[PDB]
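The structure under discussion appears below in the form of structure tokens.
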Amino acid sequence: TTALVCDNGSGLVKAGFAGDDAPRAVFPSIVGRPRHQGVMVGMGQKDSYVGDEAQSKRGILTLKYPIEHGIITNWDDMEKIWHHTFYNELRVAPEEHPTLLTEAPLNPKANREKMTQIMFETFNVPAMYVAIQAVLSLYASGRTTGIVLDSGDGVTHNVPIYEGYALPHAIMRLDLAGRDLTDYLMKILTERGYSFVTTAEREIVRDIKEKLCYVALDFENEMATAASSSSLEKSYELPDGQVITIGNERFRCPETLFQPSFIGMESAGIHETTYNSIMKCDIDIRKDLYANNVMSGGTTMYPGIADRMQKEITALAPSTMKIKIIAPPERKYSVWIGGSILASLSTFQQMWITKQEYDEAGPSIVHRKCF
Amino acid sequence: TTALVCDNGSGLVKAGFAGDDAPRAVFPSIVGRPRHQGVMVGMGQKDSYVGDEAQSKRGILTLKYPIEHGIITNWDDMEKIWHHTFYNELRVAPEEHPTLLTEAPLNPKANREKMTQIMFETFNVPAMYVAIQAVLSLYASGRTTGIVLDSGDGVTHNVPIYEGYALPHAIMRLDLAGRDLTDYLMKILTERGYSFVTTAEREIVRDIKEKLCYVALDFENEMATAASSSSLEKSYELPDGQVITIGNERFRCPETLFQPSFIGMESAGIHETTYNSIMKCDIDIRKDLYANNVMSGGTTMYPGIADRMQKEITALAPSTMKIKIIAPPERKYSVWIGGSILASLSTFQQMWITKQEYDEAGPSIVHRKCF
Amino acid sequence: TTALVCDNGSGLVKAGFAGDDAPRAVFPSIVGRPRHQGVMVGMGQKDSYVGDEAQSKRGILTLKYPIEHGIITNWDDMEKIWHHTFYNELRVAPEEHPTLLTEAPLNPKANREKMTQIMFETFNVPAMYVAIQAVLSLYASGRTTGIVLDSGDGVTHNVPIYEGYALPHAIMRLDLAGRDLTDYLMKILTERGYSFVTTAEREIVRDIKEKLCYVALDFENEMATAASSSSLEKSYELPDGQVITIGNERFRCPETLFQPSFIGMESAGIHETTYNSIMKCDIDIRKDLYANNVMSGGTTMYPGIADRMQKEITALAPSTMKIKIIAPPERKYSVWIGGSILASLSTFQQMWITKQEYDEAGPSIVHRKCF
Ligand SMILES: Nc1ncnc2c1ncn2[C@@H]1O[C@H](COP(=O)(O)OP(=O)(O)O)[C@@H](O)[C@H]1O
Ligand SMILES: Nc1ncnc2c1ncn2[C@@H]1O[C@H](COP(=O)(O)OP(=O)(O)O)[C@@H](O)[C@H]1O
Ligand SMILES: Nc1ncnc2c1ncn2[C@@H]1O[C@H](COP(=O)(O)OP(=O)(O)O)[C@@H](O)[C@H]1O
Ligand SMILES: [Mg+2]
Ligand SMILES: [Mg+2]
Ligand SMILES: [Mg+2]
């Protein structure tokens with residue numbers, strides 16, 4: 001039976017069949033419920049819309065993300081989304097196909113406990129597993145060593161690995177990701193006048209960000225150049241033809257990745273986070289982590305991010321050494337690609353949590369058998 | 001049993017059977033009484049006349065409209081109109097038939113309350129319903145989405161709808177319609193000495209308005225042209241042989257719809273009201289309302305009005321949009337046709353207010369079981 | 001030289017001198033112009049009227065508000081109102097006095113840019129300063145640690161301030177204020193038949209609101225009480241001579257504050273906004289923010305709103321905390337009184353913006369020498 005690799009990301013749900021090389025389907029993880037009053041008798045049915053249907057019709061809906069910082073907060077929505085992805089997207093019976101999920105490190109235990117409980121008692125999947133995301137990212141690159149910086153929609157996390165051996169005492173999780181960047185872009189935009197408030201309008205600010213934002217290579221220089229002239233301005237068209245124009249916002253918003261004091265946070269930037277992640281590990285493996293940075297996750301698709309991080313980390317690490325910022329072209333999907341790779345292995349097929357094992361031991365097994 | 005549709009307008013009662021595509025009865029909504037002595041013997045009885053039997057004898061009658069501005073102001077006579085419709089036009093005792101009525105939006109509660117009270121207590125219909133006029137207008141075109149502009153005889157109101165979900169904060173009503181324009185035409189006809197002072201002469205002026213008037217496409221150019229030439233003047237023959245000739249009145253009277261300050265009202269024209277109603281809707285759907293602007297009501301029957309709405313909304317709205325005014329050729333009965341379609345839904349048979357329910361809860365039930 | 005303090009309200013301009021106890025002059029911020037034509041020579045002159053004189057004659061004027069939601073939309077008329085204050089109400093040439101102004105938070109930048117440019121180029125004030133309204137609101141009360149819930153005529157906003165160190169990432173600004181409550185009241189007064197359809201009658205609805213609206217401590221309970229008994233029905237006398245009776249509108253009108261979905265808005269009520277603004281702050285400072293909720297703004301004078309806010313917030317904050325609301329009688333002028341306090345301090349004299357500094361650096365200096 002061909003396994004399934006369901007990466008229940010925090011912003012987008014990626015899914016597909018093991019043995020493939022790209023997800024069968026992608027779509028946002030939003031459950032929309034109508035907000036106004038229905039007058040047309042015999043029309044306006046389907047009290048709730050999920051996925052792309054609620055994405056397009058968002059004018060009359062309220063968009064709820066069930067995942068808030070990588071931690072599933074509302075469960076009824078999550079069950080809804082899993083049923084949707086299994087049936088109306090993949091179009092297969094879950095009770096015959098192994099599944100492989102993904103989770104962030106340092107998550108509350110009840111999260112994955114209930115994840116497995118749902119998978120086994122609602123969908124009756126024959127087998128399932130819960131892998132960490134950076135390990136799959138490091139498979140997707142095809143490596144055994146490296147330090148993985150996977151920044152999704154909810155969470156940012158470093159996870160140094162060396163020759164297959166993870167070093168949990170240096171894993172660092174920094175809860176600052178794409179969603180916060182959009183919520184700060186929305187707030188800065190008012191300086192020009194534009195007011196984006198409703199839940200739906202976050203999905204227009206998100207597109208503005210995805211379309212126009214780029215991380216600076218020298219923040220001070222970019223501010224100076226922007227102030228000098230309008231060379232950096234770019235105009236965007238709302239869904240009402242009205243055109244908006246943003247200048248230095250384009251690189252002020254991503255800057256928050258490196259100076260979380262923009263959003264008020266105390267944590268340090270991602271460059272210092274990765275550096276301090278390297279320093280905590282054993283001194284004799286630092287050489288192969290300094291030289292094997294491997295990015296992942298969507299948030300790392302801003303132009304100029306790689307050069308900026310190269311410069312910023314090299315301004316920290318000892319000069320004689322070499323820092324190499326590997327950025328796979330499809331890093332937006334590395335976790336799922338690695339999941340497919342893992343589910344392909346013959347050696348791995350002895351590590352499944354089978355329905356008999358779950359029935360014998362109970363939900364708590366998923367902690368023992370899973371990293 | 002078969003239901004009845006009774007679109008009790010302010011100018012014309014349109015009553016018939018659900019299923020047909022036309023009203024079975026169409027008579028004016030007036031109730032006349034004699035203002036002269038009755039020296040004849042055994043002749044001139046029936047102190048009051050109703051409908052066309054009143055119109056044909058308007059020589060010796062005083063005409064009254066039981067409905068004014070869409071709020072019923074004389075129930076003793078609206079009862080006579082209902083009695084006439086049921087018993088002489090459709091020729092059916094209502095006690096057997098479900099009855100479907102209509103009321104304009106923002107129209108006081110104590111109006112439909114007393115309408116329900118009358119229908120249940122006096123005629124004793126098995127069940128009934130009060131559907132808003134814009135919504136039926138929207139069914140008649142079979143659409144799902146658009147901004148409905150009804151311009152009846154006494155009220156002009158908009159009701160934006162997207163995918164079936166109405167927006168109560170964008171329902172803008174403008175009580176300027178056919179009777180205001182009839183009175184204004186009577187006012188400006190005095191410039192040429194034509195003095196129409198009574199009610200019968202108001203009916204004659206209403207026929208003048210229907211027969212001659214048309215909406216200008218550029219008011220200042222039309223005024224200059226008419227003032228500089230006789231290309232526009234037209235004639236009409238009164239019911240005693242005298243012949244009248246009118247000029248720029250023809251397009252001055254309709255223009256009041258786009259400039260109510262012609263009659264002292266401060267509100268905005270119909271174009272501005274439509275734009276404001278759309279612009280109170282969510283940004284997500286304005287692209288779909290711009291291209292689905294419906295029309296209805298008798299007063300929008302002027303030749304070239306659709307072109308003027310096109311021009312005004314095109315000038316007002318953002319340049320990157322497709323304005324398209326939907327003007328069905330049969331749009332004089334659009335509300336009634338929509339009602340006929342609505343009453344013939346199997347899903348709508350659960351929406352009727354049944355006699356037992358009103359006996360239980362009372363007139364206020366209409367505020368619950370009806371829009 | 002006594003430095004004025006000109007609080008720029010959206011609905012009421014509050015002006016006076018620094019050091020006083022309360023404003024020397026108060027007058028509404030509207031600019032009116034007649035719509036009809038003059039017929040008698042030497043009468044009905046001076047096409048434009050401003051403020052209270054426009055209020056007095058509003059029967060023949062069209063009334064425009066230069067400010068919308070706190071953002072000066074009509075500069076040509078705000079200039080006239082500033083001229084009016086300086087040269088008729090206070091009756092002092094401004095170029096002899098430092099002039100302290102105010103501005104709401106999260107307010108677009110070009111707004112205060114031009115607000116400074118006009119002040120320095122038309123009136124040529126020797127100095128000036130543009131404070132925030134929450135900081136002044138907290139000055140007036142003499143505290144140092146509070147979260148001001150300032151509800152005005154254009155903007156409702158919270159601002160947590162602790163020991164004088166603001167938290168710029170927690171400030172919230174909602175575009176719901178007195179004017180929307182007035183508009184919703186004017187709409188729901190059509191449920192009874194009263195039609196208020198002119199810019200002149202917006203002020204009659206405004207006074208009906210100010211004089212008969214009150215907030216319910218338990219919305220559903222008050223609705224039941226109103227339906228069951230007429231004890232909540234009170235009558236009012238319109239200037240035209242008529243009389244009106246209003247039942248449950250009296251509290252249905254201010255309820256838009258706590259369930260903004262009544263006016264089609266999605267955002268959360270004021271109590272939820274305050275709770276969120278307190279939950280976005282550091283952990284250890286919430287204890288003192290809970291205990292110093294300082295109210296302000298005219299919209300907050302609705303009887304029963306302090307109690308309502310305290311009752312509602314105590315259901316969100318953990319039971320162990322001592323939620324307090326401070327509702328001084330003079331909370332309407334709080335911002336101006338705070339400005340009067342600020343201008344008199346001896347430590348403030350250095351942070352003025354002087355004519356020479358503006359000349360050397362232009363309007364951009366406002367973002368640098370203020371908050
Ligand atoms: N081309 C892009 N440029 C910038 N940001 C992007 C791009 N694509 C996706 N993102 C960001 O990535 C987030 C969603 O994608 P993703 O990182 O993969 O979430 P997740 O892994 O949890 O499924 C969004 O916050 C979005 O801002
Ligand atoms: N061809 C026409 N041209 C101009 N005005 C018209 C035309 N037909 C009807 N009207 C006007 O519309 C009014 C009646 O239209 P109607 O839709 O039936 O009003 P109601 O809301 O009561 O149903 C009349 O007063 C008449 O003046
Ligand atoms: N006692 C009151 N009760 C209720 N509303 C009031 C009261 N006083 C003023 N208002 C309303 O608040 C607004 C004026 O108050 P204000 O705080 O000064 O607005 P702004 O800050 O913009 O100057 C007006 O819309 C008015 O209707
Ligand atoms: Mg991810
Ligand atoms: Mg009509
Ligand atoms: Mg204020």
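Residues in the structure tokens are named by chain (A, B, ... in the order shown) and by number from 1 within that chain; ligands are numbered from 1 in the order shown.
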Residues of chain B near chain A: apply a cut-off of 12 Å, count only C-alpha atoms, and supply the list as a PDB file with N, CA and C atoms, in the first residue's frame.
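What landed in out36.pdb:
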```
ATOM      1  N   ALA B 131     -42.212  38.666   1.296  1.00  0.00           N
ATOM      2  CA  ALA B 131     -40.874  38.699   0.728  1.00  0.00           C
ATOM      3  C   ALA B 131     -40.525  40.103   0.254  1.00  0.00           C
ATOM      4  N   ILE B 132     -39.286  40.509   0.507  1.00  0.00           N
ATOM      5  CA  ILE B 132     -38.831  41.842   0.130  1.00  0.00           C
ATOM      6  C   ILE B 132     -38.788  41.933  -1.387  1.00  0.00           C
ATOM      7  N   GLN B 133     -38.948  43.148  -1.914  1.00  0.00           N
ATOM      8  CA  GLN B 133     -39.129  43.311  -3.353  1.00  0.00           C
ATOM      9  C   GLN B 133     -37.824  43.146  -4.121  1.00  0.00           C
ATOM     10  N   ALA B 134     -36.709  43.616  -3.568  1.00  0.00           N
ATOM     11  CA  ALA B 134     -35.442  43.469  -4.269  1.00  0.00           C
ATOM     12  C   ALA B 134     -35.065  42.002  -4.422  1.00  0.00           C
ATOM     13  N   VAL B 135     -35.328  41.189  -3.403  1.00  0.00           N
ATOM     14  CA  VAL B 135     -34.944  39.780  -3.458  1.00  0.00           C
ATOM     15  C   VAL B 135     -35.720  39.053  -4.553  1.00  0.00           C
ATOM     16  N   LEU B 136     -37.026  39.310  -4.643  1.00  0.00           N
ATOM     17  CA  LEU B 136     -37.800  38.731  -5.734  1.00  0.00           C
ATOM     18  C   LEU B 136     -37.299  39.239  -7.077  1.00  0.00           C
ATOM     19  N   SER B 137     -36.984  40.530  -7.162  1.00  0.00           N
ATOM     20  CA  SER B 137     -36.378  41.044  -8.380  1.00  0.00           C
ATOM     21  C   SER B 137     -35.147  40.240  -8.754  1.00  0.00           C
ATOM     22  N   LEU B 138     -34.384  39.797  -7.757  1.00  0.00           N
ATOM     23  CA  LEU B 138     -33.168  39.047  -8.046  1.00  0.00           C
ATOM     24  C   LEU B 138     -33.477  37.631  -8.514  1.00  0.00           C
ATOM     25  N   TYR B 139     -34.490  36.984  -7.934  1.00  0.00           N
ATOM     26  CA  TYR B 139     -34.918  35.694  -8.484  1.00  0.00           C
ATOM     27  C   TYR B 139     -35.376  35.809  -9.931  1.00  0.00           C
ATOM     28  N   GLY B 142     -32.942  35.023 -12.167  1.00  0.00           N
ATOM     29  CA  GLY B 142     -32.247  33.775 -11.939  1.00  0.00           C
ATOM     30  C   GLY B 142     -30.833  33.924 -11.436  1.00  0.00           C
ATOM     31  N   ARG B 143     -30.433  35.122 -11.029  1.00  0.00           N
ATOM     32  CA  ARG B 143     -29.064  35.362 -10.610  1.00  0.00           C
ATOM     33  C   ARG B 143     -28.847  34.900  -9.174  1.00  0.00           C
ATOM     34  N   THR B 144     -27.610  35.069  -8.714  1.00  0.00           N
ATOM     35  CA  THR B 144     -27.224  34.749  -7.349  1.00  0.00           C
ATOM     36  C   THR B 144     -26.539  35.913  -6.655  1.00  0.00           C
ATOM     37  N   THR B 145     -26.134  36.926  -7.409  1.00  0.00           N
ATOM     38  CA  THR B 145     -25.218  37.941  -6.922  1.00  0.00           C
ATOM     39  C   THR B 145     -25.419  39.213  -7.725  1.00  0.00           C
ATOM     40  N   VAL B 159     -30.348  47.023  -2.665  1.00  0.00           N
ATOM     41  CA  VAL B 159     -30.125  45.914  -1.743  1.00  0.00           C
ATOM     42  C   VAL B 159     -28.960  45.071  -2.247  1.00  0.00           C
ATOM     43  N   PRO B 160     -27.709  45.395  -1.921  1.00  0.00           N
ATOM     44  CA  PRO B 160     -26.596  44.588  -2.429  1.00  0.00           C
ATOM     45  C   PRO B 160     -26.661  43.172  -1.886  1.00  0.00           C
ATOM     46  N   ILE B 161     -26.366  42.205  -2.751  1.00  0.00           N
ATOM     47  CA  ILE B 161     -26.328  40.796  -2.386  1.00  0.00           C
ATOM     48  C   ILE B 161     -25.140  40.158  -3.079  1.00  0.00           C
ATOM     49  N   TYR B 162     -24.404  39.325  -2.348  1.00  0.00           N
ATOM     50  CA  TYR B 162     -23.310  38.547  -2.915  1.00  0.00           C
ATOM     51  C   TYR B 162     -23.520  37.082  -2.578  1.00  0.00           C
ATOM     52  N   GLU B 163     -23.578  36.242  -3.607  1.00  0.00           N
ATOM     53  CA  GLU B 163     -23.708  34.797  -3.439  1.00  0.00           C
ATOM     54  C   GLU B 163     -24.868  34.451  -2.506  1.00  0.00           C
ATOM     55  N   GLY B 164     -25.870  35.324  -2.466  1.00  0.00           N
ATOM     56  CA  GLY B 164     -27.069  35.074  -1.699  1.00  0.00           C
ATOM     57  C   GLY B 164     -27.096  35.672  -0.312  1.00  0.00           C
ATOM     58  N   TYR B 165     -26.023  36.321   0.134  1.00  0.00           N
ATOM     59  CA  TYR B 165     -25.935  36.850   1.491  1.00  0.00           C
ATOM     60  C   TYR B 165     -26.054  38.369   1.465  1.00  0.00           C
ATOM     61  N   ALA B 166     -27.214  38.881   1.851  1.00  0.00           N
ATOM     62  CA  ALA B 166     -27.472  40.312   1.814  1.00  0.00           C
ATOM     63  C   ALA B 166     -26.682  41.030   2.900  1.00  0.00           C
ATOM     64  N   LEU B 167     -26.414  42.314   2.661  1.00  0.00           N
ATOM     65  CA  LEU B 167     -25.649  43.158   3.574  1.00  0.00           C
ATOM     66  C   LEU B 167     -26.562  44.245   4.123  1.00  0.00           C
ATOM     67  N   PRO B 168     -27.130  44.073   5.318  1.00  0.00           N
ATOM     68  CA  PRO B 168     -28.061  45.090   5.832  1.00  0.00           C
ATOM     69  C   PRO B 168     -27.440  46.456   6.033  1.00  0.00           C
ATOM     70  N   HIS B 169     -26.124  46.548   6.211  1.00  0.00           N
ATOM     71  CA  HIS B 169     -25.522  47.862   6.387  1.00  0.00           C
ATOM     72  C   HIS B 169     -25.362  48.610   5.074  1.00  0.00           C
ATOM     73  N   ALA B 170     -25.683  47.986   3.939  1.00  0.00           N
ATOM     74  CA  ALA B 170     -25.601  48.638   2.638  1.00  0.00           C
ATOM     75  C   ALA B 170     -26.946  48.712   1.931  1.00  0.00           C
ATOM     76  N   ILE B 278     -22.437  50.121  -2.926  1.00  0.00           N
ATOM     77  CA  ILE B 278     -21.404  49.145  -3.263  1.00  0.00           C
ATOM     78  C   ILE B 278     -20.180  49.352  -2.385  1.00  0.00           C
ATOM     79  N   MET B 279     -19.757  50.602  -2.213  1.00  0.00           N
ATOM     80  CA  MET B 279     -18.537  50.897  -1.478  1.00  0.00           C
ATOM     81  C   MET B 279     -18.659  50.630   0.016  1.00  0.00           C
ATOM     82  N   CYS B 281     -19.777  47.670   0.829  1.00  0.00           N
ATOM     83  CA  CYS B 281     -19.594  46.230   0.822  1.00  0.00           C
ATOM     84  C   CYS B 281     -18.112  45.878   0.932  1.00  0.00           C
ATOM     85  N   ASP B 282     -17.850  44.621   1.274  1.00  0.00           N
ATOM     86  CA  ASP B 282     -16.477  44.176   1.461  1.00  0.00           C
ATOM     87  C   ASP B 282     -15.690  44.339   0.168  1.00  0.00           C
ATOM     88  N   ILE B 283     -14.409  44.685   0.300  1.00  0.00           N
ATOM     89  CA  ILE B 283     -13.588  44.924  -0.882  1.00  0.00           C
ATOM     90  C   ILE B 283     -13.552  43.694  -1.765  1.00  0.00           C
ATOM     91  N   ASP B 284     -13.752  42.515  -1.181  1.00  0.00           N
ATOM     92  CA  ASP B 284     -13.597  41.269  -1.918  1.00  0.00           C
ATOM     93  C   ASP B 284     -14.606  41.126  -3.048  1.00  0.00           C
ATOM     94  N   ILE B 285     -15.799  41.697  -2.902  1.00  0.00           N
ATOM     95  CA  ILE B 285     -16.905  41.421  -3.813  1.00  0.00           C
ATOM     96  C   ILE B 285     -17.260  42.602  -4.698  1.00  0.00           C
ATOM     97  N   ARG B 286     -16.724  43.791  -4.434  1.00  0.00           N
ATOM     98  CA  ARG B 286     -17.094  44.951  -5.235  1.00  0.00           C
ATOM     99  C   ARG B 286     -16.843  44.697  -6.716  1.00  0.00           C
ATOM    100  N   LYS B 287     -15.819  43.907  -7.038  1.00  0.00           N
ATOM    101  CA  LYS B 287     -15.586  43.547  -8.431  1.00  0.00           C
ATOM    102  C   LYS B 287     -16.758  42.781  -9.023  1.00  0.00           C
ATOM    103  N   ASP B 288     -17.481  42.023  -8.205  1.00  0.00           N
ATOM    104  CA  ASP B 288     -18.589  41.226  -8.709  1.00  0.00           C
ATOM    105  C   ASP B 288     -19.908  41.979  -8.694  1.00  0.00           C
ATOM    106  N   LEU B 289     -20.060  42.964  -7.810  1.00  0.00           N
ATOM    107  CA  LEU B 289     -21.260  43.788  -7.841  1.00  0.00           C
ATOM    108  C   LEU B 289     -21.190  44.820  -8.957  1.00  0.00           C
ATOM    109  N   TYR B 290     -19.996  45.346  -9.243  1.00  0.00           N
ATOM    110  CA  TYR B 290     -19.874  46.315 -10.328  1.00  0.00           C
ATOM    111  C   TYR B 290     -20.418  45.755 -11.635  1.00  0.00           C
ATOM    112  N   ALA B 317     -16.552  54.990 -10.501  1.00  0.00           N
ATOM    113  CA  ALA B 317     -15.847  53.818 -10.001  1.00  0.00           C
ATOM    114  C   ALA B 317     -14.395  53.799 -10.467  1.00  0.00           C
ATOM    115  N   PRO B 318     -13.581  52.896  -9.918  1.00  0.00           N
ATOM    116  CA  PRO B 318     -12.207  52.751 -10.407  1.00  0.00           C
ATOM    117  C   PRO B 318     -12.176  52.317 -11.864  1.00  0.00           C
ATOM    118  N   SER B 319     -11.125  52.747 -12.564  1.00  0.00           N
ATOM    119  CA  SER B 319     -11.076  52.617 -14.014  1.00  0.00           C
ATOM    120  C   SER B 319     -10.950  51.175 -14.485  1.00  0.00           C
ATOM    121  N   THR B 320     -10.467  50.269 -13.640  1.00  0.00           N
ATOM    122  CA  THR B 320     -10.168  48.912 -14.083  1.00  0.00           C
ATOM    123  C   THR B 320     -11.331  47.944 -13.895  1.00  0.00           C
ATOM    124  N   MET B 321     -12.575  48.398 -14.031  1.00  0.00           N
ATOM    125  CA  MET B 321     -13.735  47.570 -13.719  1.00  0.00           C
ATOM    126  C   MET B 321     -14.740  47.518 -14.856  1.00  0.00           C
ATOM    127  N   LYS B 322     -15.521  46.443 -14.870  1.00  0.00           N
ATOM    128  CA  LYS B 322     -16.511  46.209 -15.912  1.00  0.00           C
ATOM    129  C   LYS B 322     -17.895  46.505 -15.354  1.00  0.00           C
ATOM    130  N   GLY B 338     -40.488  37.216 -10.008  1.00  0.00           N
ATOM    131  CA  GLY B 338     -39.680  36.609  -8.970  1.00  0.00           C
ATOM    132  C   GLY B 338     -40.528  35.969  -7.893  1.00  0.00           C
ATOM    133  N   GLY B 339     -41.629  36.617  -7.523  1.00  0.00           N
ATOM    134  CA  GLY B 339     -42.521  36.020  -6.545  1.00  0.00           C
ATOM    135  C   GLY B 339     -43.144  34.735  -7.049  1.00  0.00           C
ATOM    136  N   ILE B 341     -41.857  32.660  -9.209  1.00  0.00           N
ATOM    137  CA  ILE B 341     -40.823  31.629  -9.149  1.00  0.00           C
ATOM    138  C   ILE B 341     -40.604  31.177  -7.712  1.00  0.00           C
ATOM    139  N   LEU B 342     -40.548  32.127  -6.780  1.00  0.00           N
ATOM    140  CA  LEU B 342     -40.240  31.797  -5.395  1.00  0.00           C
ATOM    141  C   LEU B 342     -41.320  30.915  -4.787  1.00  0.00           C
ATOM    142  N   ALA B 343     -42.588  31.230  -5.052  1.00  0.00           N
ATOM    143  CA  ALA B 343     -43.667  30.433  -4.484  1.00  0.00           C
ATOM    144  C   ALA B 343     -43.670  29.011  -5.021  1.00  0.00           C
ATOM    145  N   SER B 344     -43.033  28.775  -6.165  1.00  0.00           N
ATOM    146  CA  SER B 344     -42.974  27.453  -6.771  1.00  0.00           C
ATOM    147  C   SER B 344     -41.695  26.701  -6.433  1.00  0.00           C
ATOM    148  N   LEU B 345     -41.048  27.025  -5.317  1.00  0.00           N
ATOM    149  CA  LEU B 345     -39.940  26.224  -4.821  1.00  0.00           C
ATOM    150  C   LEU B 345     -40.439  25.234  -3.783  1.00  0.00           C
ATOM    151  N   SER B 346     -39.995  23.983  -3.908  1.00  0.00           N
ATOM    152  CA  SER B 346     -40.344  22.985  -2.906  1.00  0.00           C
ATOM    153  C   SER B 346     -39.629  23.263  -1.588  1.00  0.00           C
ATOM    154  N   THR B 347     -38.435  23.856  -1.652  1.00  0.00           N
ATOM    155  CA  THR B 347     -37.736  24.246  -0.436  1.00  0.00           C
ATOM    156  C   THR B 347     -38.386  25.446   0.237  1.00  0.00           C
ATOM    157  N   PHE B 348     -39.179  26.224  -0.500  1.00  0.00           N
ATOM    158  CA  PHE B 348     -39.853  27.382   0.071  1.00  0.00           C
ATOM    159  C   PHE B 348     -41.149  27.018   0.782  1.00  0.00           C
ATOM    160  N   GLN B 349     -41.672  25.811   0.570  1.00  0.00           N
ATOM    161  CA  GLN B 349     -42.923  25.426   1.211  1.00  0.00           C
ATOM    162  C   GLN B 349     -42.785  25.280   2.719  1.00  0.00           C
ATOM    163  N   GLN B 350     -41.562  25.282   3.249  1.00  0.00           N
ATOM    164  CA  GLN B 350     -41.355  25.259   4.690  1.00  0.00           C
ATOM    165  C   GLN B 350     -41.325  26.652   5.305  1.00  0.00           C
ATOM    166  N   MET B 351     -41.403  27.706   4.492  1.00  0.00           N
ATOM    167  CA  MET B 351     -41.243  29.068   4.981  1.00  0.00           C
ATOM    168  C   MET B 351     -42.563  29.775   5.253  1.00  0.00           C
ATOM    169  N   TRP B 352     -43.690  29.204   4.840  1.00  0.00           N
ATOM    170  CA  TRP B 352     -44.969  29.878   5.018  1.00  0.00           C
ATOM    171  C   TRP B 352     -45.277  30.089   6.493  1.00  0.00           C
ATOM    172  N   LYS B 369     -40.110  34.795  11.239  1.00  0.00           N
ATOM    173  CA  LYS B 369     -40.161  33.831  10.147  1.00  0.00           C
ATOM    174  C   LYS B 369     -40.074  34.465   8.769  1.00  0.00           C
ATOM    175  N   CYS B 370     -39.990  35.787   8.686  1.00  0.00           N
ATOM    176  CA  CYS B 370     -39.869  36.482   7.417  1.00  0.00           C
ATOM    177  C   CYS B 370     -38.759  37.514   7.501  1.00  0.00           C
ATOM    178  N   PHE B 371     -38.030  37.657   6.400  1.00  0.00           N
ATOM    179  CA  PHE B 371     -36.950  38.625   6.301  1.00  0.00           C
ATOM    180  C   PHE B 371     -37.432  39.953   6.882  1.00  0.00           C
TER     181      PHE B 371
END
```
Residues contacting ligand 2 - anything with an atom at most 6 Å away, using only C-alpha atoms and all ligand atoms - can you give me those as a ChimeraX atom specification? /B:9-12,152-153,178-179,206,209-210,297-299,301-302,332
Near residue 85 in chain C, within 10 Å and counting only C-alpha atoms, which residues show up once chain neighbours fewer than 4 positions away are dropped, as number ranges by chain? C: 6, 13-16, 25-27, 51, 80-81, 89-92, 94
Next, write the just-selected residues to a file, as a PDB file, in the first residue's frame, keeping C-alpha atoms as the atom set.
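What ended up in again.pdb:
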```pdb
ATOM      1  CA  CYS C   6      -6.055  73.513  20.895  1.00  0.00           C
ATOM      2  CA  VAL C  13     -13.112  71.679  19.065  1.00  0.00           C
ATOM      3  CA  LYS C  14     -11.823  72.314  22.595  1.00  0.00           C
ATOM      4  CA  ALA C  15      -9.583  75.367  22.892  1.00  0.00           C
ATOM      5  CA  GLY C  16      -8.138  77.451  25.686  1.00  0.00           C
ATOM      6  CA  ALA C  25     -13.993  78.028  24.214  1.00  0.00           C
ATOM      7  CA  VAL C  26     -15.773  74.937  22.900  1.00  0.00           C
ATOM      8  CA  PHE C  27     -17.686  74.768  19.627  1.00  0.00           C
ATOM      9  CA  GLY C  51     -19.327  75.909  14.079  1.00  0.00           C
ATOM     10  CA  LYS C  80     -11.255  77.894   8.320  1.00  0.00           C
ATOM     11  CA  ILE C  81     -12.016  76.321  11.703  1.00  0.00           C
ATOM     12  CA  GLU C  89     -13.118  82.494  20.108  1.00  0.00           C
ATOM     13  CA  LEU C  90      -9.834  83.060  21.936  1.00  0.00           C
ATOM     14  CA  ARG C  91      -9.346  86.371  20.104  1.00  0.00           C
ATOM     15  CA  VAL C  92      -5.539  86.322  20.153  1.00  0.00           C
ATOM     16  CA  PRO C  94      -1.507  82.897  17.403  1.00  0.00           C
TER      17      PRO C  94
END
```
Residues of range 90-211 of chain C in strand (DSSP E or B), written as an MDAnalysis selection string: chainID C and resid 99:103 127:132 146:151 156:162 165:166 172:174
Show which residues sit within 7 Å of range 106-123 of chain A, as a PyMOL selection string. Count only C-alpha atoms, and ignore same-chain residues fewer than 6 positions away. chain A and resi 71-72+94-95+363-364+366
